[PDB]
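To start, the structure itself, in structure tokens.
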Amino acid sequence: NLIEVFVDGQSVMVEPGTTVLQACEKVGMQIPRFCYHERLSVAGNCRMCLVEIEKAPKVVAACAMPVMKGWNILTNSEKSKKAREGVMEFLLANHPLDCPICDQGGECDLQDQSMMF
Amino acid sequence: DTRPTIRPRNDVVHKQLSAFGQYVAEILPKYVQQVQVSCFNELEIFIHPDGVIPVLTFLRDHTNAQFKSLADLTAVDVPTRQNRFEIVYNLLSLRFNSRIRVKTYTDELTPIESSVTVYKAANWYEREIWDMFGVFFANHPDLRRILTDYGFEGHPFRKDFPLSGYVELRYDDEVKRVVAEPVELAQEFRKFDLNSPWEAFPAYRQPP
Amino acid sequence: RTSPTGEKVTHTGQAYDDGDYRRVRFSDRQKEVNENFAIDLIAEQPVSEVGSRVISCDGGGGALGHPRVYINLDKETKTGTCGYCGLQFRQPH
Amino acid sequence: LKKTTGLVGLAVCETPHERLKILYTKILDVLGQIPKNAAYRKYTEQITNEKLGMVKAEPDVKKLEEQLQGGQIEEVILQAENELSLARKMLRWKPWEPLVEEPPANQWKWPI
Amino acid sequence: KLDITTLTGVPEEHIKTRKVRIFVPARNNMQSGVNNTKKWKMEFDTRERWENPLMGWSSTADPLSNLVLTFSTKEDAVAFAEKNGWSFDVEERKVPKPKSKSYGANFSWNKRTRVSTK
Amino acid sequence: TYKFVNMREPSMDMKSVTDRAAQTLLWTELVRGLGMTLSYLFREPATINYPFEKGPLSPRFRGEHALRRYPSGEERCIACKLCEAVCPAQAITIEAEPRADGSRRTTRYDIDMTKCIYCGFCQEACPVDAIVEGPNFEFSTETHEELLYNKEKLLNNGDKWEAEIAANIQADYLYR
Amino acid sequence: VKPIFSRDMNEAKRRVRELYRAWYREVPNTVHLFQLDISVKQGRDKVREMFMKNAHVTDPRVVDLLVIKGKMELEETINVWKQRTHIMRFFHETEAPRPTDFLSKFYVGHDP
Amino acid sequence: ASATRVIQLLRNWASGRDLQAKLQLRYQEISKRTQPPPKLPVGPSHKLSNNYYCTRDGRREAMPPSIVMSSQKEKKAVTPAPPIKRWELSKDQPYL
Ligand code: SF4
Ligand code: SF4
Ligand code: FES
């Protein structure tokens, strides 16, 4: 029953219904995410999980979009990088400069994801 | 890419180093196990530990490889490998204005041939390697502690050796001498966990 | 303030107890105590009244202050307090 | 005649061409002892033949030095001596043999 | 069995009394990254950390208090502990089970999964 | 590209040999050196009259650490503890608790100057310009315990040197 | 595996005995040289104690390296490279004896 | 320097050089310690457009070392690099 999808050109077998983010986790790629939680219902609002699929005009939400057989998930493509950068810019646009006084400082997903993506 | 932030990379030296690495591998298939050129144009030859003297002698005397200067001989302790200690030889060829690295592996017990015959500078470097890491060098003219204290026990640079050590010194009036006592720190060295939970470099990702 | 033992209490609420042997360290030497309690000093500072719903405080002096933070004044009973400076701002009633 | 080689411990050779020819012949013989398949023999014979041909062709010491691109002719003589000694040591070592042993598992894996 | 204990130089007290724990570090619940939880690590038992009388700074005599060694595989850590003669306790790596996730289930027709708010 | 130091053949001209022998016998070069030192004797000495005269110093000078305050009088330190992290000698020990008001105010800011390397990373890291190395280099003590500076000591140092510290920061903040 | 010096344990024991003889004969001189307050018996007792500490070793390679380290300490002692304190460091004196009885350890502290 | 002309002449003669021209002590050629407030410039990436970090992330453009040869599964002689060219004697001052 497993469909053959590709992550960055690497073939990976996934059960039908697997989200793009889960397949990327299978190959070892942790797509940046803020709203998606493994034990919480999929939301798709943060828009930080956007990733490019080969031969696809629009980036898809890896946290929600289920994989389709034959899809090549370009996790580190320019489209994906720019999408992540733009979404992080939007997230930080109104975020207060509270890092020195924020207890989450040093262990903030926002901080690390901004620093990495 | 381009722009000042990115470091300019010279491909010509990369090609030259790759060609010379293949040259060395062909000349010495008995010992050369792997040849790598880093993206910053640094040729590295991995050699079986038995080939320390032959490979270095070739890289020193050969007309087309005149690496007659031992820049630095060091060791890297990786405890996750059976041969934890990795002996690295950094060489320099003035004739061809190039550098090369010979990397070999060794255990805590397996001896490694001394390269003093090849390079006289190897004496003190190998003494340091033995003193800090504990890699015994066979046929060494004088292998002894060079940097630690005379009565010191243990090899400090080993990854399993504590940073503060096991013993400390102080002067005791009763014995009228400097005595060694078990280490007691007034303030423990505060270990800081800094590694981020998010991957930083996708290019160097190890597949599960 | 001064403890019952006679040892001045620091702004960190620290005062060697009577049973504390460490009190001997001040036998012939003074106990360094700062005499400008910060908490009292800001309490002196008046509460500014700014009509705008949201105000920003940099601590004064621009680059010589603290990272600019925007404070909301919707709460009527409470007064918006600077995260770094501690200055209180209010919206005129 | 060159007064001094500049390098301390290196002396000017009055007959550099003859010395180089003799050394190159010795080197070529030692390489001939080496098995033909060995890459060392092939490459070293190529290099020595080039240098010997240039040495015989050019009688002027300075022009020969420029031609060989090995520095001063005394330095080239030293290089030839080193190569000859290396060739003998190679005959002893036989590095043209197959690999002694493959590296154990991931002995060359970085990062861990 | 390689016996490097005599060559390590570790005092006998810190060769026998020590209780090495081989484990994979757990993911900090505050963050969602898993890069830290990818390599086996070896740590020693925690011991007394009293207070320095002069300043109140925490003092310790444990020389191996801060020693943490990362290992590619569990077998590597086990072998390293055996070489150094340290009693080692191994905790098997806990990998989160794959979880089926459906955005459509949030809008189910006759299932509890239907979300009340978005 | 390369210059030959020494590498100068001596001329064997009888005049040149005569002058060389004159140098050897009459000790000419020794007299030349002696005259050079005599010239140094009549120069003006470069000694400053310490402590009545102090040596030149720049506003960026790094010295005794000091904790600063906002103009209102509140401690700038908001207990981010990043100066503790950046400190390459692990000299800063910071413990903080919510103050009675509710702000991030440290209950312990201890730096042992006997372990600090006076690098200045602490002042470069502080996001509120609280910990700033002052201009005082003359703070030698007679007992080791004195070097270990408490939070109270740092606050007092800040209060004492605030004028100069503020002036120097005002004179250097643009460069930073 | 290549042996460090001794192929067999019997060969290693030969090296151990050779080292023990040298240490045994050096102890009287060492007391004279460093003007130690220990007796010749005390030093020789310590030598035997140190040798007996590593008496559980079974690998000839490890025994070889232990002998090499033992030689190095002897070389420093003979060459007066060590100082008086260095020689006395073997005789732990200032260090307070740590008890072995569980009840004593229970009183002393949280020692595991 | 505040020295008498006689002292200056004696000093220069003993040294053999005009020391007053280059006196080691600094008097007034020193720059004023108080300086005008500076305005340091911005870097090449201080722009509001075409500034995506993906186009300037040199740290993430590094690649693992290329494996030229691995033992695990007529050529001309090759030197590590072209031989170094002989240095040329200085023209300002060939022999010190
Ligand atoms: S860096 Fe500044 S604000 Fe942060 S703890 Fe240190 S002194 Fe306080
Ligand atoms: S100046 Fe350097 S040594 Fe001193 S407290 Fe700051 S970081 Fe530590
Ligand atoms: S993780 Fe929120 S949109 Fe994908």
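Each chain of the structure tokens is named A, B, ... in the order shown, its residues numbered from 1; ligands are numbered from 1 in display order.
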**Request:** Would you kindly report the residues of chain F within 9 Å of chain H, using only C-alpha atoms, as number ranges by chain?
**Result:** F: 1-8, 32-46, 58-59, 171-172, 174-175
Give me a file of those residues, with N, CA, C and O atoms, as a JSON list (two decimals), in the first residue's frame.
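In the end it all went to again_39.json:
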```json
[["chain", "number", "residue", "atom", "x", "y", "z"],
["F", 1, "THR", "N", 62.40, 41.45, -4.57],
["F", 1, "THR", "CA", 61.51, 40.69, -3.70],
["F", 1, "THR", "C", 62.25, 40.20, -2.46],
["F", 1, "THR", "O", 61.67, 40.11, -1.38],
["F", 2, "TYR", "N", 63.53, 39.89, -2.61],
["F", 2, "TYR", "CA", 64.37, 39.47, -1.50],
["F", 2, "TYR", "C", 65.64, 40.30, -1.48],
["F", 2, "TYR", "O", 66.22, 40.59, -2.53],
["F", 3, "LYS", "N", 66.06, 40.69, -0.28],
["F", 3, "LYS", "CA", 67.25, 41.51, -0.07],
["F", 3, "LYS", "C", 68.33, 40.69, 0.62],
["F", 3, "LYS", "O", 68.04, 39.93, 1.55],
["F", 4, "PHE", "N", 69.57, 40.85, 0.17],
["F", 4, "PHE", "CA", 70.70, 40.11, 0.73],
["F", 4, "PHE", "C", 71.29, 40.90, 1.89],
["F", 4, "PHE", "O", 72.09, 41.82, 1.69],
["F", 5, "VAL", "N", 70.89, 40.55, 3.12],
["F", 5, "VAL", "CA", 71.59, 41.07, 4.28],
["F", 5, "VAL", "C", 72.98, 40.45, 4.35],
["F", 5, "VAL", "O", 73.20, 39.32, 3.90],
["F", 6, "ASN", "N", 73.93, 41.19, 4.91],
["F", 6, "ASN", "CA", 75.35, 40.82, 4.90],
["F", 6, "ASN", "C", 75.73, 40.63, 3.43],
["F", 6, "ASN", "O", 75.40, 41.51, 2.62],
["F", 7, "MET", "N", 76.37, 39.53, 3.05],
["F", 7, "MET", "CA", 76.66, 39.21, 1.65],
["F", 7, "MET", "C", 77.33, 40.38, 0.93],
["F", 7, "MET", "O", 76.94, 40.77, -0.17],
["F", 8, "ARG", "N", 78.35, 40.95, 1.57],
["F", 8, "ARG", "CA", 79.07, 42.09, 1.02],
["F", 8, "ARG", "C", 80.56, 41.79, 1.08],
["F", 8, "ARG", "O", 81.14, 41.71, 2.17],
["F", 32, "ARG", "N", 82.13, 55.34, 18.15],
["F", 32, "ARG", "CA", 80.87, 55.76, 17.55],
["F", 32, "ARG", "C", 79.68, 55.36, 18.42],
["F", 32, "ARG", "O", 78.79, 56.18, 18.70],
["F", 33, "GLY", "N", 79.66, 54.11, 18.88],
["F", 33, "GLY", "CA", 78.59, 53.67, 19.76],
["F", 33, "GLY", "C", 78.57, 54.44, 21.07],
["F", 33, "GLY", "O", 77.51, 54.82, 21.57],
["F", 34, "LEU", "N", 79.76, 54.67, 21.65],
["F", 34, "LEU", "CA", 79.87, 55.45, 22.87],
["F", 34, "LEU", "C", 79.28, 56.84, 22.68],
["F", 34, "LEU", "O", 78.53, 57.33, 23.54],
["F", 35, "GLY", "N", 79.60, 57.49, 21.56],
["F", 35, "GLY", "CA", 79.02, 58.78, 21.26],
["F", 35, "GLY", "C", 77.51, 58.72, 21.14],
["F", 35, "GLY", "O", 76.81, 59.65, 21.54],
["F", 36, "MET", "N", 76.99, 57.63, 20.57],
["F", 36, "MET", "CA", 75.53, 57.48, 20.50],
["F", 36, "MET", "C", 74.90, 57.46, 21.89],
["F", 36, "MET", "O", 73.90, 58.14, 22.14],
["F", 37, "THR", "N", 75.48, 56.69, 22.82],
["F", 37, "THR", "CA", 74.92, 56.69, 24.17],
["F", 37, "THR", "C", 75.08, 58.05, 24.83],
["F", 37, "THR", "O", 74.20, 58.49, 25.58],
["F", 38, "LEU", "N", 76.20, 58.74, 24.58],
["F", 38, "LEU", "CA", 76.38, 60.08, 25.12],
["F", 38, "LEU", "C", 75.30, 61.02, 24.62],
["F", 38, "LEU", "O", 74.78, 61.85, 25.37],
["F", 39, "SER", "N", 74.96, 60.91, 23.33],
["F", 39, "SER", "CA", 73.86, 61.68, 22.78],
["F", 39, "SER", "C", 72.56, 61.35, 23.51],
["F", 39, "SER", "O", 71.77, 62.25, 23.81],
["F", 40, "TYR", "N", 72.33, 60.07, 23.78],
["F", 40, "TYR", "CA", 71.14, 59.70, 24.55],
["F", 40, "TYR", "C", 71.15, 60.30, 25.95],
["F", 40, "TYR", "O", 70.08, 60.55, 26.52],
["F", 41, "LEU", "N", 72.34, 60.54, 26.52],
["F", 41, "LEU", "CA", 72.41, 61.14, 27.85],
["F", 41, "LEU", "C", 71.81, 62.54, 27.87],
["F", 41, "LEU", "O", 71.08, 62.90, 28.81],
["F", 42, "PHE", "N", 72.09, 63.34, 26.85],
["F", 42, "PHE", "CA", 71.66, 64.73, 26.83],
["F", 42, "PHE", "C", 70.26, 64.91, 26.28],
["F", 42, "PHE", "O", 69.81, 66.05, 26.13],
["F", 43, "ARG", "N", 69.55, 63.83, 25.97],
["F", 43, "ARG", "CA", 68.17, 63.95, 25.56],
["F", 43, "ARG", "C", 67.28, 64.23, 26.77],
["F", 43, "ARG", "O", 67.72, 64.23, 27.92],
["F", 44, "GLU", "N", 66.01, 64.47, 26.50],
["F", 44, "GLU", "CA", 65.06, 64.65, 27.59],
["F", 44, "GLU", "C", 64.50, 63.30, 28.02],
["F", 44, "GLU", "O", 63.99, 62.55, 27.18],
["F", 45, "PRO", "N", 64.60, 62.94, 29.30],
["F", 45, "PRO", "CA", 64.05, 61.66, 29.76],
["F", 45, "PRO", "C", 62.54, 61.59, 29.56],
["F", 45, "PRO", "O", 61.83, 62.60, 29.62],
["F", 46, "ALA", "N", 62.05, 60.37, 29.32],
["F", 46, "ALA", "CA", 60.65, 60.14, 29.01],
["F", 46, "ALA", "C", 59.85, 59.65, 30.21],
["F", 46, "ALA", "O", 58.72, 59.17, 30.04],
["F", 58, "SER", "N", 42.93, 55.84, 26.39],
["F", 58, "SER", "CA", 41.83, 56.07, 25.46],
["F", 58, "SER", "C", 40.49, 55.82, 26.13],
["F", 58, "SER", "O", 40.41, 55.10, 27.13],
["F", 59, "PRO", "N", 39.41, 56.41, 25.61],
["F", 59, "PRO", "CA", 38.08, 56.16, 26.20],
["F", 59, "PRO", "C", 37.65, 54.71, 26.14],
["F", 59, "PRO", "O", 36.79, 54.31, 26.93],
["F", 171, "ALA", "N", 31.40, 58.97, 24.36],
["F", 171, "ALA", "CA", 32.48, 59.24, 23.42],
["F", 171, "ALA", "C", 32.83, 58.05, 22.54],
["F", 171, "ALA", "O", 33.58, 58.22, 21.57],
["F", 172, "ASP", "N", 32.30, 56.86, 22.84],
["F", 172, "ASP", "CA", 32.65, 55.67, 22.08],
["F", 172, "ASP", "C", 31.47, 54.89, 21.52],
["F", 172, "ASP", "O", 31.67, 54.04, 20.64],
["F", 174, "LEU", "N", 29.29, 55.46, 19.39],
["F", 174, "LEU", "CA", 29.17, 55.54, 17.94],
["F", 174, "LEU", "C", 30.07, 54.52, 17.26],
["F", 174, "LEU", "O", 29.69, 53.91, 16.25],
["F", 175, "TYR", "N", 31.29, 54.34, 17.77],
["F", 175, "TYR", "CA", 32.19, 53.34, 17.19],
["F", 175, "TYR", "C", 31.64, 51.93, 17.35],
["F", 175, "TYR", "O", 31.76, 51.11, 16.44]]
```
**Request:** Give me the residues within 8 Å of range 80-93 of chain C as JSON, numbers by chain, counting only C-alpha atoms and dropping any in the same chain fewer than 2 places off.
**Result:** {"A": [101], "C": [42, 45, 46, 47, 48, 49, 50, 51, 52, 53, 57, 59, 66, 69, 71, 72, 73, 75, 76, 78], "F": [70, 74, 76, 78, 103]}
**Prompt:** Which residues come within 12 Å of residue 56 in chain B, counting only C-alpha atoms, excluding same-chain residues fewer than 2 positions away, as an NGL selection string?
**Reply:** (:B and (24 or 28 or 31-32 or 45-54 or 58-62 or 65-70 or 73 or 88-92 or 100-104 or 113-119 or 122)) or (:D and (86 or 89-90))
Take the selection from the previous step and output its residues with C-alpha atoms, as a CSV table (one decimal), in the first residue's frame.
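Saved the output as out_39.csv:
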```
chain,number,residue,atom,x,y,z
B,24,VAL,CA,50.1,9.8,-4.7
B,28,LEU,CA,51.4,4.1,-3.2
B,31,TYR,CA,49.0,2.2,2.1
B,32,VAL,CA,46.8,5.0,0.7
B,45,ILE,CA,45.6,11.6,2.2
B,46,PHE,CA,44.4,8.8,4.5
B,47,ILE,CA,47.1,6.1,5.0
B,48,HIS,CA,47.1,2.8,6.8
B,49,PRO,CA,49.2,3.2,10.0
B,50,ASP,CA,51.8,0.7,8.8
B,51,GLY,CA,52.7,3.2,6.0
B,52,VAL,CA,53.6,6.2,8.2
B,53,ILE,CA,57.3,6.0,7.3
B,54,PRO,CA,57.1,4.9,3.6
B,58,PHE,CA,57.9,9.3,-0.6
B,59,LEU,CA,56.3,12.7,0.1
B,60,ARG,CA,59.7,14.1,1.2
B,61,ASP,CA,62.2,12.7,-1.3
B,62,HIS,CA,60.2,12.3,-4.6
B,65,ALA,CA,56.7,15.8,-4.1
B,66,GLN,CA,59.2,17.8,-2.2
B,67,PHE,CA,57.4,18.1,1.1
B,68,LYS,CA,60.6,18.6,3.1
B,69,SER,CA,59.0,20.4,6.1
B,70,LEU,CA,56.9,18.8,8.8
B,73,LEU,CA,52.2,16.6,13.7
B,88,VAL,CA,47.7,13.8,11.4
B,89,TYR,CA,50.9,14.9,9.7
B,90,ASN,CA,50.9,18.4,8.1
B,91,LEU,CA,53.6,18.9,5.5
B,92,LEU,CA,54.9,21.7,3.3
B,100,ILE,CA,49.4,18.2,2.3
B,101,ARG,CA,48.0,16.3,5.3
B,102,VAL,CA,48.7,12.6,6.1
B,103,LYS,CA,46.1,11.2,8.4
B,104,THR,CA,46.5,7.8,10.1
B,113,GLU,CA,56.4,3.9,13.8
B,114,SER,CA,58.4,7.1,14.7
B,115,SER,CA,58.9,9.4,11.8
B,116,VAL,CA,62.1,10.9,13.3
B,117,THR,CA,64.1,9.3,10.5
B,118,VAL,CA,61.9,11.1,7.9
B,119,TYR,CA,61.7,14.4,9.8
B,122,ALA,CA,59.0,14.7,14.6
D,86,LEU,CA,63.9,6.9,-2.3
D,89,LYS,CA,63.8,2.4,-0.3
D,90,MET,CA,60.8,1.8,-2.6
```
**Nearby residues (only C-alpha atoms) at most 12 Å from residue 97 in chain F, same-chain spacing under 5 positions excluded, as a ChimeraX atom specification** = /A:103 /C:12-13 /F:78-80,102-109
Could you save the residues just selected, with N, CA, C and O atoms, as a PDB file, in the first residue's frame?
```
ATOM      1  N   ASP A 103      11.890  34.603  29.305  1.00  0.00           N
ATOM      2  CA  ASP A 103      12.351  33.345  29.880  1.00  0.00           C
ATOM      3  C   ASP A 103      12.604  32.296  28.806  1.00  0.00           C
ATOM      4  O   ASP A 103      13.471  31.432  28.974  1.00  0.00           O
TER       5      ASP A 103
ATOM      6  N   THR C  12      19.063  43.012  48.214  1.00  0.00           N
ATOM      7  CA  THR C  12      18.743  41.639  47.860  1.00  0.00           C
ATOM      8  C   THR C  12      18.112  40.877  49.016  1.00  0.00           C
ATOM      9  O   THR C  12      17.990  39.648  48.941  1.00  0.00           O
ATOM     10  N   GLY C  13      17.713  41.575  50.074  1.00  0.00           N
ATOM     11  CA  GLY C  13      17.116  40.931  51.233  1.00  0.00           C
ATOM     12  C   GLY C  13      18.035  39.953  51.930  1.00  0.00           C
ATOM     13  O   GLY C  13      17.585  38.893  52.384  1.00  0.00           O
TER      14      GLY C  13
ATOM     15  N   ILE F  78      19.023  43.496  33.645  1.00  0.00           N
ATOM     16  CA  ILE F  78      17.714  42.858  33.615  1.00  0.00           C
ATOM     17  C   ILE F  78      17.871  41.343  33.631  1.00  0.00           C
ATOM     18  O   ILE F  78      16.982  40.612  33.181  1.00  0.00           O
ATOM     19  N   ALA F  79      19.010  40.868  34.144  1.00  0.00           N
ATOM     20  CA  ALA F  79      19.219  39.451  34.450  1.00  0.00           C
ATOM     21  C   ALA F  79      19.028  38.554  33.228  1.00  0.00           C
ATOM     22  O   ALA F  79      18.435  37.476  33.317  1.00  0.00           O
ATOM     23  N   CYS F  80      19.519  39.004  32.072  1.00  0.00           N
ATOM     24  CA  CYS F  80      19.476  38.153  30.889  1.00  0.00           C
ATOM     25  C   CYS F  80      20.496  37.028  30.983  1.00  0.00           C
ATOM     26  O   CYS F  80      20.308  35.974  30.366  1.00  0.00           O
ATOM     27  N   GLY F 102       8.367  43.070  40.501  1.00  0.00           N
ATOM     28  CA  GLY F 102       8.113  42.072  39.476  1.00  0.00           C
ATOM     29  C   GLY F 102       9.105  42.062  38.332  1.00  0.00           C
ATOM     30  O   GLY F 102       8.912  41.292  37.381  1.00  0.00           O
ATOM     31  N   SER F 103      10.149  42.880  38.365  1.00  0.00           N
ATOM     32  CA  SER F 103      11.129  42.943  37.291  1.00  0.00           C
ATOM     33  C   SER F 103      12.239  41.917  37.501  1.00  0.00           C
ATOM     34  O   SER F 103      12.424  41.377  38.596  1.00  0.00           O
ATOM     35  N   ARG F 104      12.979  41.650  36.425  1.00  0.00           N
ATOM     36  CA  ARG F 104      14.111  40.723  36.459  1.00  0.00           C
ATOM     37  C   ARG F 104      15.302  41.426  37.090  1.00  0.00           C
ATOM     38  O   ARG F 104      16.112  42.060  36.412  1.00  0.00           O
ATOM     39  N   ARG F 105      15.418  41.313  38.407  1.00  0.00           N
ATOM     40  CA  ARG F 105      16.534  41.890  39.142  1.00  0.00           C
ATOM     41  C   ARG F 105      17.343  40.776  39.789  1.00  0.00           C
ATOM     42  O   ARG F 105      16.787  39.927  40.493  1.00  0.00           O
ATOM     43  N   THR F 106      18.649  40.783  39.543  1.00  0.00           N
ATOM     44  CA  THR F 106      19.513  39.732  40.053  1.00  0.00           C
ATOM     45  C   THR F 106      19.599  39.792  41.571  1.00  0.00           C
ATOM     46  O   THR F 106      19.696  40.870  42.164  1.00  0.00           O
ATOM     47  N   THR F 107      19.559  38.620  42.202  1.00  0.00           N
ATOM     48  CA  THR F 107      19.850  38.497  43.623  1.00  0.00           C
ATOM     49  C   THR F 107      21.320  38.208  43.893  1.00  0.00           C
ATOM     50  O   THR F 107      21.746  38.269  45.050  1.00  0.00           O
ATOM     51  N   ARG F 108      22.096  37.892  42.859  1.00  0.00           N
ATOM     52  CA  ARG F 108      23.526  37.645  42.999  1.00  0.00           C
ATOM     53  C   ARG F 108      24.201  38.006  41.690  1.00  0.00           C
ATOM     54  O   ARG F 108      23.884  37.419  40.653  1.00  0.00           O
ATOM     55  N   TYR F 109      25.121  38.970  41.728  1.00  0.00           N
ATOM     56  CA  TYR F 109      25.962  39.300  40.574  1.00  0.00           C
ATOM     57  C   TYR F 109      27.403  39.322  41.072  1.00  0.00           C
ATOM     58  O   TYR F 109      27.934  40.372  41.443  1.00  0.00           O
TER      59      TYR F 109
END
```
**Request:** Enumerate, as number ranges by chain, the complete set of residues in chain H that a backbone-based DSSP assignment places in strand (DSSP E or B).
**Result:** H: 66-70, 89, 95
**Asked** Could you write out as a list in words the residues of chain A within 12 Å of chain F, counting only C-alpha atoms?
**Response** residues 97, 98, 99, 100, 101, 102, 103, 104, 105 and 106 of chain A
Hey, can you spit out that residue selection with N, CA, C and O atoms as a compact mmCIF listing (two decimals), in the first residue's frame?
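result_23.txt written:
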```txt
# COMPACT_ATOMS: atom_id res chain seq x y z
N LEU A 97 10.95 43.10 21.15
CA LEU A 97 12.35 42.84 21.46
C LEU A 97 12.50 42.52 22.95
O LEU A 97 13.03 43.29 23.75
N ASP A 98 12.01 41.34 23.32
CA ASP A 98 12.00 40.90 24.71
C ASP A 98 12.98 39.78 25.01
O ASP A 98 12.97 39.26 26.13
N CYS A 99 13.82 39.39 24.05
CA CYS A 99 14.77 38.29 24.24
C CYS A 99 15.59 38.38 25.53
O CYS A 99 15.68 37.37 26.23
N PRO A 100 16.22 39.50 25.88
CA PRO A 100 16.93 39.55 27.16
C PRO A 100 16.04 39.30 28.36
O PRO A 100 16.50 38.73 29.36
N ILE A 101 14.77 39.71 28.31
CA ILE A 101 13.88 39.55 29.45
C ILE A 101 12.87 38.43 29.25
O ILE A 101 11.99 38.24 30.10
N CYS A 102 12.97 37.68 28.15
CA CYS A 102 12.06 36.57 27.89
C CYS A 102 12.65 35.28 28.45
O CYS A 102 13.79 34.92 28.11
N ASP A 103 11.89 34.60 29.31
CA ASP A 103 12.35 33.34 29.88
C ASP A 103 12.60 32.30 28.81
O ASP A 103 13.47 31.43 28.97
N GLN A 104 11.86 32.36 27.70
CA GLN A 104 12.09 31.43 26.59
C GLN A 104 13.44 31.64 25.93
O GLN A 104 13.86 30.78 25.14
N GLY A 105 14.13 32.74 26.23
CA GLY A 105 15.43 33.03 25.65
C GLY A 105 16.44 31.92 25.85
O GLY A 105 16.61 31.41 26.96
N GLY A 106 17.13 31.55 24.77
CA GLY A 106 18.05 30.44 24.79
C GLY A 106 17.42 29.11 24.44
O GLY A 106 18.14 28.17 24.07
```
**Message:** I need the contact residues of chain A against chain H, so if you could list those with any atom within 8 Å, counting only C-alpha atoms, and return them as an MDAnalysis selection string, that would help.
**Reply:** chainID A and resid 78 81:82 85
**Request:** Would you mind listing what lies within 9 Å of residue 23 in chain E as a ChimeraX atom specification, with only C-alpha atoms counted and same-chain residues fewer than 3 positions away left out?
**Result:** /E:26,39-43,74,89-93
Could you write those residues out with C-alpha atoms, as a compact mmCIF listing (two decimals), in the first residue's frame?
```
# COMPACT_ATOMS: atom_id res chain seq x y z
CA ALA E 26 15.85 13.55 25.47
CA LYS E 39 23.78 10.85 19.08
CA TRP E 40 24.36 8.59 22.07
CA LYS E 41 25.98 10.22 25.10
CA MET E 42 27.78 8.98 28.21
CA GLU E 43 27.54 10.74 31.58
CA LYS E 74 25.34 2.48 21.69
CA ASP E 89 23.74 1.48 32.49
CA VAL E 90 22.30 1.67 28.97
CA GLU E 91 18.94 3.29 28.18
CA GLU E 92 17.48 2.19 24.85
CA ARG E 93 16.71 5.03 22.47
```
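For range 32-42 of chain G, the residues within 8 Å (counting only C-alpha atoms, excluding itself and residues fewer than 4 positions away along the chain) are residues 27, 28, 46, 83, 84 and 88 of chain G.
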**Asked** Pick the closest to chain F from D:42, D:3, D:56, D:21: which is it, counting only C-alpha atoms?
**Response** D:3
**Request:** Would you kindly return, as number ranges by chain, each protein, DNA or RNA residue with an atom no farther than 9 Å from any atom of residue 75 in chain D, considering only C-alpha atoms and excluding same-chain residues fewer than 5 positions away?
**Result:** D: 5, 10, 70, 80
Keeping N, CA, C and O atoms for every residue in the selection just given, could you write it to a file as a PDB file, in the first residue's frame?
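Final output, result19.pdb:
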```pdb
ATOM      1  N   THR D   5      76.497  28.901  -3.242  1.00  0.00           N
ATOM      2  CA  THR D   5      75.124  28.531  -3.548  1.00  0.00           C
ATOM      3  C   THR D   5      74.101  29.366  -2.794  1.00  0.00           C
ATOM      4  O   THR D   5      72.901  29.234  -3.060  1.00  0.00           O
ATOM      5  N   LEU D  10      75.443  23.988   1.274  1.00  0.00           N
ATOM      6  CA  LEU D  10      75.389  23.572  -0.118  1.00  0.00           C
ATOM      7  C   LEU D  10      76.569  24.180  -0.861  1.00  0.00           C
ATOM      8  O   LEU D  10      76.762  25.400  -0.832  1.00  0.00           O
ATOM      9  N   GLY D  70      64.262  23.501 -11.155  1.00  0.00           N
ATOM     10  CA  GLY D  70      64.518  22.935  -9.849  1.00  0.00           C
ATOM     11  C   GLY D  70      65.375  23.789  -8.945  1.00  0.00           C
ATOM     12  O   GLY D  70      65.877  23.284  -7.933  1.00  0.00           O
ATOM     13  N   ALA D  80      68.191  14.838  -7.112  1.00  0.00           N
ATOM     14  CA  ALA D  80      68.486  13.558  -7.748  1.00  0.00           C
ATOM     15  C   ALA D  80      68.957  12.532  -6.725  1.00  0.00           C
ATOM     16  O   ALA D  80      68.537  11.369  -6.754  1.00  0.00           O
TER      17      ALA D  80
END
```
**Request:** Return as a ChimeraX atom specification the residues of protein, DNA or RNA that approach ligand 3 to within 9 Å, with only C-alpha atoms and all ligand atoms taken into account.
**Result:** /A:21,31-37,42-50,60-65
**Distance in Å - CA of residue 80 in chain A versus CA of residue 58 in chain H** = 17.7 Å
**Request:** Give as a PyMOL selection string the residues surrounding ligand 2 up to a distance of 10 Å, considering only C-alpha atoms and all ligand atoms.
**Result:** chain F and resi 62-66+82-93+110-126+131-134
